[PDB]
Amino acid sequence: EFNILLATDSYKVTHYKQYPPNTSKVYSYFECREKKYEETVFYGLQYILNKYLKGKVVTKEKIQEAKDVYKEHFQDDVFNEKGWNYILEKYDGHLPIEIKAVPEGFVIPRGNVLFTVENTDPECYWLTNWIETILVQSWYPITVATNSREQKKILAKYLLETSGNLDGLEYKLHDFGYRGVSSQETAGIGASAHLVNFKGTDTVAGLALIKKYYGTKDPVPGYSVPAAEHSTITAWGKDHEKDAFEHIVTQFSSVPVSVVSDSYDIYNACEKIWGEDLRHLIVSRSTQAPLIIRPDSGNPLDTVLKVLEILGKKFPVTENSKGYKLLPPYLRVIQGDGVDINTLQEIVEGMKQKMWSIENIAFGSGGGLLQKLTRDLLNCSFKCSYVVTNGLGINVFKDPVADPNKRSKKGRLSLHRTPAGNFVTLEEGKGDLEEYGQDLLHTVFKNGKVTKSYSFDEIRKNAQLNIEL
């Protein structure tokens, strides 16, 4: 069973001894610190609140277990047993903490307060930053949602330019990252964040997370279709690739089907196998059940373009109203190797240059989508900005001489709409002057209870692109 007393950075165990004496309040905030990725999607806090922070999270057994571990870990007795005892006795083990946050799904420019944390009982001044470690891991669903949305923007721009609309946009980037992330839990969280922006996923863990913690009106938030892997092609033997292809498209003759085509020679597979030997099984397929040819190696741009050129000469191509070339509806292509935000951009720009509509292609992304991201990317960061000592509130901050980018905000914070409709974070408790509208942060957690929740449907709505609006 999870033990919040063992879910912090070791050194925080010692911090209760280091704050100024007579400190009754410690107030901290999270931002994606300023100084590409100019705005971030706030998503994932609700998962953390519900899974780890709510309810009776302190018990006698958990305190003793923590005491036992820390004794050995530090080779010394430092550990605030009395402080944790207090929470257990006075609050039945519920955390005397208040968290206020911008609504999930909201898209906020860098350098704004996204949530704040403070103790609600003076005895628990040390608790605010105890939970920094667990709360800061919200960086991951924020960053996955944000990077996924930025890719959607690229896809939308090029799809609109080359086709004149956005049909199918929400299926143009599929999550292939299940095997490529660091754990089962990470897979579920990351997959859920991608689904804020798209509907295609193979990372099944995401579905159950959304249902349990957020919820959708639809049965599931994400979808997939039958597809081959190299094992299901290569198992037929090197000389029987055609047989494998035929068996697979025939098994799935009435649904869309993706077939990896690069086991031996992608260009041969497209020109001679699909384009000649098995052409009769492709041209007969429904518009709702195309063959999706999947290259999986080589330079992503070069391979995509060469695959399109080969297919364009074996299959009947039209030119759409924008002047771009379009494969017949029963045939499409997906590139799912080496795709990240950089290579996605290069591929669609290259296609546009060669007069191929983005209607022709879809993408899959694995490591690039769910693993190749860090907390540094959006500078997701949690800092103390206000304390009360001897009954006096003081505005606190860091401001390292050698790195102005690491300066933190001062005092009590609030998030507001500007007169032009943008966002501003007010410092030093200036929000109390009420010269702006209402504070956009809402209490989402107080004293062990989740106080405000969002469905996944609401989150999707909040994270919509402008071009969709």
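Don't overthink the numbering: it's just position in the shown sequence, from 1.
Looking at the other PDB entries for this protein, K36 is absent from the model in a third or more of those that include the residues around it. Counting the deposited residues that fall between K35 and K36 and carry no coordinates gives a value of 10 or more.
According to the PDB record, 232-240 carries the higher mean C-alpha B-factor of the two stretches 106-114 and 232-240. For the two regions 207-215 and 140-148, the entry's Cα B-factors average higher over 207-215.
In the PDB entry, the Cα temperature factor peaks, among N360, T250, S263, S183, at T250. Across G177, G83, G222, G188, the entry's maximum B-factor at the CA atom is seen for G222. Split the chain's modelled residues into thirds by C-alpha temperature factor. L465 is in the highest one. Among the modelled residues of its chain, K17 has a C-alpha B-factor that falls in the middle third, as given in the PDB entry. Sorting the modelled residues of the chain by their CA temperature factor places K25 in the lowest third. Annotation for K352: CA B-factor lies in the lowest third of the chain's modelled residues. Remark: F42 belongs to the lowest third of its chain, ranked by C-alpha B-factor as recorded.
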